[PDB]
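Before any questions on binding or motion, here is one chain by itself as structure tokens, the form deposited in one PDB entry.
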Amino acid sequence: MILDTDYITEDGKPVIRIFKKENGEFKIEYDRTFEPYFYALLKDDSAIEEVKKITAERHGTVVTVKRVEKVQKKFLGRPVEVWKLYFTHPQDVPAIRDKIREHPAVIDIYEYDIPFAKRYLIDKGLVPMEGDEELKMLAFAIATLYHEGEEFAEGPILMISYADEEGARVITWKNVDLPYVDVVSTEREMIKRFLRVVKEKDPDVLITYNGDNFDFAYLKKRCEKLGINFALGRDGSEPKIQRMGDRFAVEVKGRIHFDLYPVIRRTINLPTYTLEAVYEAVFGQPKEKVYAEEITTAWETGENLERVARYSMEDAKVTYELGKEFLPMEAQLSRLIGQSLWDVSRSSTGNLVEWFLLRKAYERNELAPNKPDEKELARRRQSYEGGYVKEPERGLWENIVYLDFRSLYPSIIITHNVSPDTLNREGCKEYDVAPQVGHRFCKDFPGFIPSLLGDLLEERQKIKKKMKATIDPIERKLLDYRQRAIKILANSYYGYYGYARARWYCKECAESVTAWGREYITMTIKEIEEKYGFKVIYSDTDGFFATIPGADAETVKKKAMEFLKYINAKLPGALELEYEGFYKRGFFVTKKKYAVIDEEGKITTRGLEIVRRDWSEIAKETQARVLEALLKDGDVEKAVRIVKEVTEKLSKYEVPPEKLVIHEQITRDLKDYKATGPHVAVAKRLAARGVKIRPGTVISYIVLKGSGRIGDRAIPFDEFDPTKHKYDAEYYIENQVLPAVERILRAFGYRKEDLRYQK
């Protein structure tokens, strides 16, 4: 199984390293024969002799063109001839590529920004994470001595904890009376012990939670201060800390540093991504948090260190358990994209598509378009019309069906062959024509992207079939994750077409997809209304809710099935309308906000405050309770009594502050905010102190008693102390609970004053 590739330099020449795990053994294979290259399109082939002679310099070394070769490729399906320029060392490419492009006989260069070790994986046909090899994993976490206004890592590491299949231990340099704590004499001895643990255990995967941005940088600074070679790499190298945009990421050579935080962030939507929140949401058990201040107090006084050590043990334990839960899936995604787990687990959606496409482009001799320059990028910022959203007939309805398309946008791309290489391609014998926007697509040959998307969807169906039939539980599970990875990829193509930074950006493709989507969903709505007499209550993009007002449940179902038979005989190709489910009652509040209940009692909620992180739990819980009264018990008066009771509890300071926390994400640098709401006001105050705020940080705050600007009396919940603080009960009534439930009960005539407790 291939884990990763990189290169090193030996007598000036690049040596590719392929890090493998075959049959329980780590291996390094070396390749010295692979040459970096990129392509040049020339105005005339005789200019190659001038281009051959262009030179550059690299730390006092002269950079030359090693050799050239004229080659035939396809560019958006059409034949083209380019010169493949070869070089001795990958760092020659950035030293010389601009000078070659600037040459007047060079129209443009292509494929000049592909990291060499990834170029190697593609051109060699090599695929990481193939096979059933079992990887050895090890989670770790640290606890540190924090004081507020200090430089990063001015304080020592206090404990290092780790966990694997054998359990969890804690190394520390004070005496703690717990069986899983190993005691050494100093911080230095502790770090060296941990390094020895790693080297002896020899894990393939080091699992952290936010180790990209805290743990490794901390260890590095302490190792600098204490004179420690922190040699975690399997080749003896130290961890490699690199900047990727506004974030950091950390490699450990020969291993996979699997930082769960970016993975969980892509995978699950939670209000906060504390380790405690994540563990509870995935596994369903609490995890107690110990705060930095208590940790420091415990260390400075020697008191209650057992609680700190257990917290530290638990960080490592739950980090290992989460790593076991999330890694196999990220592994199948890496295999599908064809790049390393380290990269793929940190990568954005658009980047995964592009890496997949670059590899398939190589296999098909398709020259890759370049990323846009600053001018082109600014041109691409124009937008287009998206999905159809019908204004709901608002209120409570009974005996509802939801019908929606199977993978609407991918079905469209495939059925109508929507691709930049088919877009208005001249001279064909068959075209499909996108409604409203008018773009024609050639049907005579499969477009590059439709062809790949089609192969993907077909593979996913074969996999689902083999899963059902298989008898091997290991294979079944690998198949499950691969089928899940294909769905993710296949559903990413439409947004990639509209992605300004994409190489295969195609605005005409994207707006053709959405125009076809609008035509299909609105055509289908009109058919079920006109030909079967349904009322369409509400519809968003690819599906709709409908019933027959005065009508039995089995009547609505049967007639929905008849309409489906009728409609799918009219739909072309892969377009297919499906029966998603039957809901006994539904409550439609606005566009994109509604809730339904099924026959078994299960409520499903969309768009309402209940699902959002920027609404306090007390508001969410109460709206949830109002909805159940309506949907389940059809009991409006009980809904009012619930609100009245909740608002009275709040005015009596009987609601625990833990239900008053509001979570809002910082999304940019604090200086760039033009308007400052409460979460930014808090963020700015924390930055004022010793606290780094980066995009993606969730500010979790509570509003304290007062009047005027919310932001002047908001504090991080971390710091809430009921002996020093009084929460703003009128705010949680007037700004949180009542607005959330008024928007629902507005439909039955109740105004805010019918919902408040009376003094």
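Note that the rigid core is defined as the largest set of C-alphas that superpose within 1.5 Å between two forms. Note that residue numbering follows the sequence shown and begins at 1.
Averaged over CA atoms, B-factors in the entry run higher in 144-152 than in the other of 225-233 and 144-152. Averaged over Cα atoms, the B-factor as recorded in the entry is higher for 683-691 than for the other of 683-691 and 312-320.
Within the listed group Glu664, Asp182, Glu325, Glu645, the record reports its top CA B-factor for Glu645. Per the PDB entry, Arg668 shows the highest C-alpha temperature factor of the residues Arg169, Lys390, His257, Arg668.
Compared with the other modelled residues of the chain, the Cα B-factor recorded for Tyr532 ranks in the highest third. Remark: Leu745 belongs to the highest third of its chain, ranked by C-alpha B-factor as recorded.
Per the PDB record, residue ranking by Cα B-factor puts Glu133 in the highest third of the chain.
Among the modelled residues of its chain, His89 has a C-alpha B-factor that falls in the lowest third according to the deposited record. When the modelled residues of the chain are ordered by C-alpha B-factor, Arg425 sits in the middle third.
Although not depicted, the form deposited in another entry is the subject of the following passage.
Note: rigid core superposed between the shown form and the other one; among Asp672, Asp246, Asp202, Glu134, the CA shift is 2 Å or more only at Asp672. The Cα shift for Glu50 between the shown form and the other one, taken after rigid core superposition, is 2 angstroms or larger.
Positional change of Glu648 between the shown form and the other one reaches 2 Å or more at the C-alpha, relative to the superposed core. After superposing the rigid core, the Cα of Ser237 is displaced by less than 2 Å between the shown form and the other one. Figure legend: C-alpha atoms of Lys21 and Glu475, shown here, are separated by at least 3 angstroms more in the other form.
In the other form, the Cα-Cα separation between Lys462 and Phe326 shrinks by 3 Å or more relative to the displayed conformation.
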